[PDB]
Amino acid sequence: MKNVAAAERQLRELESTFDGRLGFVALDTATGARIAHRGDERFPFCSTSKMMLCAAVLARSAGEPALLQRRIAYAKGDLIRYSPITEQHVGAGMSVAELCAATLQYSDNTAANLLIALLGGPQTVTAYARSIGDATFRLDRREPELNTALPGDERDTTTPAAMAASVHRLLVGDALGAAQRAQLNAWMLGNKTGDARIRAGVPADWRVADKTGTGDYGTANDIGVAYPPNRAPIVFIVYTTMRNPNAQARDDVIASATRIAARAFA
């Protein structure tokens, strides 16, 4: 596809402007048109793993629906940095559904750890990924250590290609039941942390469901689905990481990469 080849050249040019790596897939789900850069390389996924985590919780809830209303009475000792919802409600507890919304929409780290514990540990999230056909994703640690993003470390990584297939199946396809898919979409449509990333690179009439991640080594990621009016959804997977341990994570590379693919796909 000629638009795809041109977009790939532009993504190479974009990567050449910084000392790091860009991992990218955009997939038009109707045609299968697929723009990719470093699609089969591993990247540290950081908080984008919270999407897989919450899909696993939703899957469990299909086998007990009241699970989402279960109150978790967590402790001050559970609280770790970057927990803007759980810190506010400690002493009152939160439901499992509220913890999912907090981890997806505010990237709440304590909420993620409480959900990992509910499921039985990080290995259960990896097992869930395997059950939906993702042989690549691996969740090795909990928050906040999963954000170390060390060069060459394969812990807490996936590939852009694997994550594109998983996002496709979860939000657009049938990996989840219809009610669970709708809830995951509704939560990700309401994300608060992504305004400068994928959301900033698409036309004004496209809706976006996304989950960001930010970590050490200037790591800045965003994954999700855009819903253009009168056309099929488009999956966007953007992973970036830097060689300098002192790098500042950026938003603008993700927005630029998104714009490249948006131009290609219309």
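All residue numbers are counted from 1 along the displayed sequence.
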With respect to the recorded C-alpha B factors, which stretch has the higher mean value, 180-188 or 79-87? 79-87
Check the entry's C-alpha temperature factors for 70-78 and 191-199, then say which stretch has the higher mean. 70-78
One of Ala220, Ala26, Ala30, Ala55 has the largest Cα B-factor in the entry, namely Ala30
Which third, lowest, middle or highest, does the CA B-factor of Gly224 fall in along this chain? middle
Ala204 by Cα B-factor - lowest, middle or highest third of the modelled chain: middle
Chain thirds by Cα B factor, record data; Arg231 belongs to the highest
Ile237 by Cα B-factor - lowest, middle or highest third of the modelled chain: lowest
For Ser107, does the deposited CA B-factor place it in the lowest, middle or highest third of the chain? lowest
